[PDB]
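**Q** model the following, please.
(chains A and B)
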Amino acid sequence: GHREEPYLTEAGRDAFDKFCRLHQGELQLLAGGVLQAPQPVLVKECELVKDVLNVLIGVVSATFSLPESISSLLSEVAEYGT
Amino acid sequence: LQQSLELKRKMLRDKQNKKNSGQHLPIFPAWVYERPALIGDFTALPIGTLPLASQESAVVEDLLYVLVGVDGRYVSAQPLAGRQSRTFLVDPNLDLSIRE
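**A** Numbers count the residues shown, from 1 in each chain, chains lettered A, B, ... in the order given. Please see the structure below:
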């Protein structure tokens, strides 16, 4: 034996970052280089929740001035802080 | 600080004139008003680059001293001695979420 090795809907949290990176790089090549959007990662899970809690104190992250589906989740709590 | 001592003497003359039998009204000595140590409010690391859960403990310890007037570890009472005015200057760099 040497173990069949998982596929791309079983592995996550390492493969999630890899695939997010792959999806991103594919998108920028398919656009032309005008769809630039740095960091297919950031933050973590628990550290991200702590940052989200701190946004209610009055701080912002970097996409507002007063993983990439984090923007949709984050807007919902950011608009609460504002 | 120095300016209150005028007011005391100006009023002392008026109340001495107001009664004709109260002669030589008393006052408290000058050093009870003058001394800044008889009132409540009279090496160092850059705290901003530190981790969060150490900064929190350091700032609560300093601010707790600042509540009773005595100067903290990173908050200096600016020498605006005298009247009912006072200012304080806090350490410039800290993590923003604590700082607000």
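**Q** going by C-alpha atoms from here, please, whenever you check contacts or count neighbours.
**A** OK.
**Q** got the residues of chain A near chain B?
**A** Chain A comes close to chain B at residues A:54, A:57, A:58, A:59, as judged by C-alpha under 8 Å from any C-alpha of the partner chain.
**Q** please narrow the residues you listed to those residing in strands.
**A** Among the residues of chain A next to chain B, no member falls in strands (criterion: DSSP state E).
**Q** please check those and keep the buried ones.
**A** A:54, A:59 (16 or more other C-alpha atoms under 10 Å in any protein chain shown).
**Q** closest to residue A:74 among the residues of chain A next to chain B?
**A** Proximity of these to residue A:74 was ranked by C-alpha to C-alpha; the top entry is residue A:54 with 12.1 Å.
**Q** tell me which element the residue lying closest to the closest one once chain neighbours are set aside is part of?
**A** Distances taken as C-alpha to C-alpha, 6 or more residues apart in numbering or on different chains place residue B:97 nearest to residue A:54, at 6.7 Å, with adjacent residues excluded. Using DSSP states H and E, residue B:97 sits in helix B:96-99.
**Q** identify the residues contacting that helix?
**A** By C-alpha atoms under 8 Å, 6 or more residues apart in numbering or on different chains, the residues outside helix B:96-99 that reach it are A:54, A:57, A:58, A:59, B:56.
**Q** got these as JSON lines, with distance to residue B:50 columns?
**A** As requested, the contacts of helix B:96-99 are exported to JSON lines (distance: C-alpha to C-alpha, whole Å):
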{"residue": "A:54", "distance to residue B:50": "17"}
{"residue": "A:57", "distance to residue B:50": "20"}
{"residue": "A:58", "distance to residue B:50": "21"}
{"residue": "A:59", "distance to residue B:50": "19"}
{"residue": "B:56", "distance to residue B:50": "10"}
